[PDB]
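Residue numbers (full-length UniProt numbering), protein chains in the order written: chain A, 5 to 98, 107 to 280, 290 to 328, 335 to 380, 393 to 453; chain B, 193 to 584; chain C, 193 to 584; chain D, 194 to 584; chain E, 400 to 471; chain F, 543 to 584; chain G, 258 to 328; chain H, 258 to 328; chain I, 258 to 328.
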Ligand SMILES: Nc1nc2c(ncn2[C@@H]2O[C@H](COP(=O)(O)OP(=O)(O)OP(O)(O)=S)[C@@H](O)[C@H]2O)c(=O)[nH]1
Ligand SMILES: Nc1nc2c(ncn2[C@@H]2O[C@H](COP(=O)(O)OP(=O)(O)OP(O)(O)=S)[C@@H](O)[C@H]2O)c(=O)[nH]1
Ligand SMILES: Nc1nc2c(ncn2[C@@H]2O[C@H](COP(=O)(O)OP(=O)(O)O)[C@@H](O)[C@H]2O)c(=O)[nH]1
Ligand SMILES: [Mg+2]
Ligand SMILES: [Mg+2]
Ligand SMILES: [Mg+2]
């Protein structure tokens, strides 16, 4: 069964496909698996409460008696033929669930640091496939591999001190001089032969073999079927985490960086990955600000310690003199005013940095939308200047029209 | 319609110089290449005018052109004389056999005929005549460089070389000196005559315009990720399609009677009439079965993974069709789809069927995470024919 | 011929010392390396003035400049001697031929002539004269140590080493010592005369300024491409783009009658007039056909996987264009886009077409999970030109 | 000028063996060849210094010692162990250092007999090779009975200037030398090591004369000296690609160093004609290499920078055109193979698509919305206007 | 010669039949020797062990197998 | 980590990459300014 | 088929080509099959000499090995 | 087993087949097994001679190596 | 321990077995160990003859290696 969630959204167990007992068995393994692998991913003002909440089967999904509720952890996971995918709530609409997939991967393209191509994703737009995050990241792995295997096969050179019936390469002399004449019929050479089954090819044969076994599309089954035939002579391996560390990216296999990072993102039971929606917006806004703020340079994660260090998500300073704090919040900001938890942190970030502070918030049809300019000016009775900026999201499309509107509102703010 | 396939090879082999009969296995690519050379140069065996040679994964350049090899010398201790491979024993042979018919006033025809004897010698070279072989080979490449390009295009004996399974070996490593030479222009006598200096023996070497290197590439193994520049431009690729037109009643009768004898063709007529009467009196059954199963292969997987037509070409009864479907089609079908079951039953259009007359029946015990494993099921008699009559 | 690709090789090889003609397959890279050296040295065969070798993955460092190679003597069969490769037999040949017209070798001009005989000797070196060869070699590097740099700047011959497919071998390993000699001011006579010490023989070695190295690498493959940044400085890369301008009506008559200067110029001209008259009297058809494929390959594939102008150069008739399409470049296009059918339909500009006069017909049978693949169609006649007029 | 010369001379007395590492295209082999020539007054290799260079087939058996068949009699091929390139230097640098000592090494007839059999270019006959192998056993019986004060100060400085030290498998080539390449583990040091060789079994120790100045490139990161125990031995001199030499005056000072005022007047008016076409600015090629090396530092790494061996041999604007389109733009395209919006940014033509751009945009597009550019060969003064926009 | 038949034997716990070399899945013809549990009955285990032993060993083999399956 | 200019071994290059990357360069110091860049480690 | 060393009456090592397993069973299947052929009776004495030599073990001297290579 | 040179005559260095450890221990187990067997009494006075040659803790002498070969 | 060819002045290549670094320390520690005590190590001149033939700087002659193998 395929189940899909948006951030802070619920599904009924009666309407859902499959079995009632089957889905709740899949989740308790996933929330437990998120507990052991929680510390690998960074957060930003998450209020995670690592001791109590995550180990109570509330790590990724809150499984309840009457419904199934998603926390603010975005991504996907495939467990026990119950494929779960959690999209952001910002891309929620009012092919009907194919626009938020390419919106989320493009927000996973710019924020998280991936180097995927837009024409890789635009190939899938309109082919009426079943929307699934695991079916597209296997495709993004398989297409970027088959576009990097079609040119060259990555045959890397190792040297072997082999006793050959012929003579290839440099003849070892200290091993041939001390050769008895009863065994003179084989040369003892040290040939730098190119092997096809290197460590990077043992991984990509194993990463395809664990992908074709767990794929469900009709496009990925054809593409991984051609990749497995190209890797036919390679002896297979069992994938571990030691194999993904033992290879290093030099200049002769640098073009295999794009399929390998996606092969490390999906393989290392469980499959997939999860990230916090607060930090992914904190990373995504950081791409927008430094591009859109020419007058003043901006650094993310600068920290100033009170008295326990409370650090802003981003601060922009021209040289050192202007202190314009920019704290990225994923909150909906209901009733056109910041909440108690938000404005209390905005007060501290301005005071310990005469410092204006701007809060960027999400804006679409689903999320709360303010007017086009800088919506809310606030003073906290200390000559402060709190500006509520809102970035519109044309990221569901491929054109960046809202970046010009975000620059025009920031130019009036700067 | 096989003389056009002996003309499709023949029109490309005088224009590009060498071909590759690429196609799915069980088609006749080895048989078309072998029965074209035997029909052209009337020599039923290898050796003199053509040499059959297959490739493998551990085949190296030193076995093909030349390499240092230990060789015994008159039942005594070994020496380390450099041995010419299987190509250089026929590339030099195609030169010195063509240089008989050339009437020039500089040919050492007594010396060239002595070199031709030492090249066709089936025994290995003894050191009393190996130095006579290397000295006469030195006279050959002093003579070839002195002949003009006008007298090195019309060499009469067409030498051949059936490279079987050319994609199985590493093609760019075997053809070391033969991905700069195997063009029609880079041969001897052409406009771009190149005599390439070899690394091991140190003597210059150039392919003559007689040698045509026919290749028979299986493409269900070590697929189309080829060299794509060197081993793809030189070879004029001929697709040998798996033709189900040879699987009718008359076409199976015509194939198995021409190679047959007097008493064999009457028994092959009685056997094939018994076979197709058990199938439903369908004279076009095995054609329609192979054509239907080939369309399902080219839709799901690649178009060059189709089941060929050399398998069903040697059937005479239902029991022989059973032993070619369960040992040369269904193990071959489970090889292409990498032990998949939900798409291997759509090829037989048995996607929504289980536990009946199906070639892959579901086991009635699912796994822990809801997975299911199918199992091959042997059939017999009219149950198997009813399992074949719903593939169409 | 002398306009661009000759006058920019000769200017750049005389300035840098080494030229690599990198470019996609089907372009005149081996040809412009062969034509430039033969038109310079006036020797249409290898040997004395120039040597044409080619690299591969079985090529050794020990067989290039210096290595231990076991020879076959008479009474001691296994005798391990150090044998100079092909580069040390062309670098020492370029040195002792250039040192015939010097004025500081006045004690051993007979010794330099005797050393030149031992290097031009194609017979294998007997061990009674190999020590005479080694005594003259260590006399040579004593003589260039006492030679001034003003007299080693101008050596009047011009020796060449056309290595072909340089990028195939392990170029960091084959050029062992040559990764620090191959520069214009690091040969003999340059501003930094470097005489390095070879490992095996223990004799010093330095590339003369007489020598030039014209590599022709291929850049369609990527796992063998030359990314050694310390080696790309030594060479001087010349991109030979595949020019479709050699496929016009006036250009095919000028390229094919320059080489074939026989009395068949009336035969080629009336055949090339008949070929373009069947193409709609379009004198720029094959120029437009190769241009509208190479641009459409550049945008989706890499820019170095383009179709060259050596496929469509040897066309004569529509029957010959049909043979070079369906058997050389259409299996090549199915190798670039291997079961990526929406791309290969678009490269031939048949994206919306799925029936009729088209190369790839759509199958009328879709798959289980919504996949769909196409099928070749062997066209002929004016319908084939109607499938080529849609590309341009 | 003499700063890189003196910096090599300081570290070759402190650590013992210097390594000039840097991006390819700078003066690494040149400042290593000019150092050894100006310090030993010997322009060709020989006794006082020997140039070698490493590769993957430069194994241990031919560098220090290994078995080598050698008979010099055309009969009775004697399978004897012969010393490599290094041990023929370190034994030569020792027995040349045992001349100037007064009375510590009492071998004044037996050391000079060993030196004349070590510098002998003709290969050793077996009637004198038994003398060479017997005197070498006397040498390591002599060394060991000398005080460290009469062994630390050996006068004549020997140099084994090697090249591409990273290119060979350096932990395999350096065998017994992996523990002897410190300044205090040599002969005469505080902790001398008479280490034993495997094959011949005769002991061995490096003299304090022999300095190993070894140049390497660090753009190939596939083969860089990442062994952390062969970075303690060597002293790593940074040789960055310095664009200060590509001025008008600094290019006139370098290129007119050895011409004897014959072609120097031709070179002076040729550089006057080059910079008159670049815009009458003496500082063009300095900031051209600077704005490329900075823009290639922030993208690829610090180590893939364009050197100054490319642009140093330009004379006219035509020779700059033939070093741009044929040496560095094919180099810039193979850093970024089919990575087009990056290589457009190194030339900072990122908004420029058509016109005087090196990479014009193809008028076609893709089926999935992709695009790719095409290299545009520019000529004339339009090439300089396409080049001055980089600065 | 056409006499020489090549009867292979393949322990496929480590290497599957799809993981062979490509000139082994087409030149040869594969027979799956399935693990038959029907050789482990009470009467089938007696008949298999009756071929190797003698007559007096068979009554001891009969009594031991009767002692085995009574405990199970 | 916060020092990007002045007495520091690695100055920051003034422009960033096209997609948010930024590299440094090894600044050679001398004298007491080197010690002032060394005593801030401890 | 391969190379294998062999002593010649306590002398230096003499290399000789000794057939492996597959060639010793393929040649044995040939010379045993030619007994019951009516056309191969032109050399029935010499073929039978080969079959006795091909089933015995350790050919000790070259006088029967050169007989073996002649047959 | 493999080939080793021996201390034969001066100009007559010979390559014999000196047995290793596994052949020597399996022969020694076979010789000691047949030494106490009842039906192998045809040459039991020579099997004890072969046992002394196999427990000989030194390289075998060339004047009696053929006695080891014949036994 | 390994094999090593050794042609001295005019003899043939007699393939001697040369002890490596470790056995020339292990035998040298054992022989210098037994040289100081006297419980049952008879032949103190014989043990001293083995110690001289272990600290030889020159390679061993075949008239001296054979007595070194016996000791
Ligand atoms: N006359 C003439 N012929 C040309 C020209 N360019 C290519 N050709 C022809 O192309 C043919 C082969 O081109 P070639 O140079 O050999 O490709 P290549 O460099 O070897 O291709 P690769 O596989 O190594 S990558 C030759 O027959 C030659 O006649 C040209 O500019 N003029
Ligand atoms: N006068 C002068 N010439 C220089 C200087 N730097 C480089 N050159 C010149 O540039 C040329 C190339 O420099 P070179 O030393 O050979 O580069 P490299 O470091 O050795 O190149 P690599 O492949 O080993 S990494 C030399 O001929 C040298 O004359 C310099 O600072 N002063
Ligand atoms: N008579 C006849 N037999 C054919 C034809 N095509 C194939 N065969 C048969 O196919 C068999 C050879 O198959 P082969 O070429 O080895 O298949 P492949 O090499 O794996 O592609 C032979 O036994 C032929 O009898 C044909 O056109 N006519
Ligand atoms: Mg075949
Ligand atoms: Mg070529
Ligand atoms: Mg260098």
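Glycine residues also receive a C-beta, built at the ideal position from the N, C-alpha and C atoms.
**Request:** Tell me whether residue 554(C) counts as near ligand 4, meaning its Cβ is closer than 7 angstroms to at least one heavy atom of that ligand.
**Result:** no
For a test of your reading of the model: does the CB of residue 410(B) fall under 7 angstroms from any non-hydrogen atom of ligand 3? Yes or no. yes
Quick one: complete beta strand (DSSP E) runs, 3+ long, within the stretch 358–442 of chain D? 407–410, 428–431
Next item on the list: Would you give the residue range spanned by the alpha helix (DSSP H) that residue 333(B) belongs to?
Entry: 319–336
Any heavy atom of ligand 4 within a distance shorter than 7 angstroms of the CB on residue 222(B)?
yes
Q | Any non-hydrogen atom of ligand 2 within 7 angstroms of residue 441(D) CB | A | no
Margin query: Counting only Cβ pairs nearer than 7 angstroms, list the residues of chain C close to residue 238(A).
Written below: 530, 531
Inset, instruction - Mind checking who residue 401(A) pairs with in its DSSP beta bridge? - result: 430(A)
Out of curiosity, what's the CA-to-CA distance linking residue 426(A) and residue 11(A)? 26 angstroms
### Supposed contact pair residue 411(B) and residue 220(B) - C-beta distance, whole angstroms, cut 8 angstroms
Actually they do not touch by this definition, with Cβ atoms about 14 angstroms apart.
Worksheet item: In terms of residues, what are the limits of the beta strand (DSSP E) holding residue 199(A)?
Response: 199–207
According to the neighbour-count rule (16 or more other Cβ atoms, all chains shown, within 10 Å of its Cβ), is residue 307(D) buried or exposed?
buried
Exposure label - residue 436(C); buried when at least 16 CB within 10 Å: buried
Exercise for the section: Select from 575(D), 550(D), 223(D) the residue whose C-alpha is nearest the C-alpha of residue 385(C). Expected result: 223(D)
message: Please identify, using Cβ separations under 9 angstroms, the residues of the stretch 407–435 of chain B that lie next to chain A, in order along the chain.
response: 412, 413, 414, 415, 416, 417, 420
Is residue 447(A) near ligand 7, judged by its Cβ being under 7 angstroms from some heavy atom? Of the ligands one can find in the structure shown, namely ligand 1, ligand 2, ligand 3, ligand 4, ligand 5 and ligand 6, none is ligand 7.
| Nearest-angstrom Cα distance between residue 519(D) and residue 324(A)? | 49 angstroms
| request: Could you work out which residues of chain A lie near residue 270(G), taking near to mean beta carbons separated by less than 7 angstroms? | output: 193, 194
Candidates 217(C), 254(C), 526(C), of which the one nearest residue 201(A) by Cα: 254(C)
Nearest residue (CA-CA) to residue 493(C), options 301(D), 560(D), 231(D), 415(D): 560(D)
- Inter-residue spacing [alpha-carbon to alpha-carbon] between residue 381(B) and residue 353(B): 20 angstroms
| query | Any idea what DSSP makes of residue 242(C), helix, strand or coil? | reply | strand
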